[PDB]
Amino acid sequence: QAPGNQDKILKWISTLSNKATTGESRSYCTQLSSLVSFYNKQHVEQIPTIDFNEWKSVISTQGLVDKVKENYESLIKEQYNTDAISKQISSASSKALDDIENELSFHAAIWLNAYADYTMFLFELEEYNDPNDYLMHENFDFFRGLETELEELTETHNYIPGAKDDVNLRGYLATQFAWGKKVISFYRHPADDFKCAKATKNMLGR
Amino acid sequence: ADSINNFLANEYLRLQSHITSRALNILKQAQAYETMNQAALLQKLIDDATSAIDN
Amino acid sequence: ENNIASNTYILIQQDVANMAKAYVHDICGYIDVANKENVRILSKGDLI
Ligand SMILES: CCCCCCCCCCCCCCCCCC(=O)OC[C@H](COP(=O)([O-])OCC[N+](C)(C)C)OC(=O)CCCCCCCCCCCCCCCCC
């Protein structure tokens, strides 16, 4: 019982503390660690054995050594009822604790959904190889949704390539050696014209 | 669950040591008074002898 | 969606404040369990 029974309990508390960054959390970790050390403190003092016969013989008050023994033994029989406590702690505990039981459960479900997204993508990616070996309309079917977006660019007459793409990487590759190196402005439509004109005291609007 | 089981366990021993320690101190403490009563009784005998000399 | 004070459903755990706080409010509650047992056992009879 005494040795090796607290090793696992130290790894858990250590990680919980390492994850703590804000001072507020670190304080709660100190409180948590104290209670664990408080409950897990080991008691070893070599409980001495009482030889009532020895004291009874050397010297004692008549009826005292025997009265102490019978009363002493009666309390030694009493012991903790570990069973009752074992059940209550396992049945229900700290309805406030249920707050994070349901918070971390939903928090984990969010990031399990993301883990499945990345996992399933790498799974489907196994059958897709060598984009240069597929026809045009077949590649768009692997990447379902691009044809739909391509129709949106066409039906809105956004036929300037890369206008609605935040990083028109294809536009930078084509302009690596162009004169007046520039890429189309974001969301530029081939029909919009923001031109103005003014008349000043001078000519040419100057 | 393991912290509660180890708490009641070690706490059970502490109570056990408390009782036996109490039962042992009360016994030793009583013996101390018993020896004092014996010394007081014999001291009176010596006191009686000294008074007899004075008389 | 009813009993959690958060300004978004995109839950991101970057500290263990909410976790350790609920543990000290839980494991502490079960204090005095052994001392309470000692009351019954010791209040049973007087050694004397
Ligand atoms: C092939 C069959 C079909 C062909 C169809 C025609 C396709 C034409 C291909 C595109 C031609 C585009 C020419 C743009 C030239 C811009 C260069 C530039 O940015 O200047 C940078 C230059 C140079 O800067 P730079 O950094 O870009 O290049 C530096 C060059 N070196 C490396 C040599 C130093 O600086 C300037 O800003 C000067 C601007 C002068 C612009 C004069 C050109 C005006 C002509 C365009 C208007 C025409 C409208 C016609 C509308 C008709 C309607 C009826």
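Residue numbers begin at 1 in each chain, while the letters A, B, ... track the order of the sequences. Start at 1 and go down the list; that is how both ligands and their atoms are numbered. In what follows, every heavy atom counts, from backbone to side chain, and hydrogens, waters and symmetry copies are set aside.
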*Roughly how far apart are B:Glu11 CD and A:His43 NE2, rounded to 0.5 Å?*
8.5 Å
*asked:* Would you say atom 37 (O) of ligand 1 makes contact with the protein, given that contact here means a non-hydrogen protein atom less than 4.0 Å away?
replied: no
*Starting from atom 32 (C) of ligand 1, find the nearest protein heavy-atom neighbour and note its residue, name and distance.*
A:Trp179 NE1, 4.1 Å
*For atom 19 (O) of ligand 1, find the nearest protein heavy atom and state the residue, atom name and distance (0.1 Å precision).*
A:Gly180 CA, 3.4 Å
*So, for atom 21 (C) of ligand 1, does the protein have a heavy atom nearer than 4.0 Å?*
yes
*Scan side-chain atoms only and decide if B:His18 and B:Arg14 contain a donor-acceptor pair under the 3.5 Å cut-off.*
no
_Testing the 3.5 Å rule here: is there a donor-acceptor pair between the side chains of A:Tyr39 and B:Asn5?_
no
*Are side-chain heavy atoms of A:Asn81 and C:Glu37 found at a separation under 4.5 Å?*
yes
_Proximal ligand 1 atoms for A:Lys181, defined as those under 4.0 Å from one of its heavy atoms_ = 27 (O)
_With a 3.5 Å distance limit and no angle check, can you tell me whether A:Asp192 reaches the backbone of A:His189 through a side-chain donor-acceptor pair?_
yes
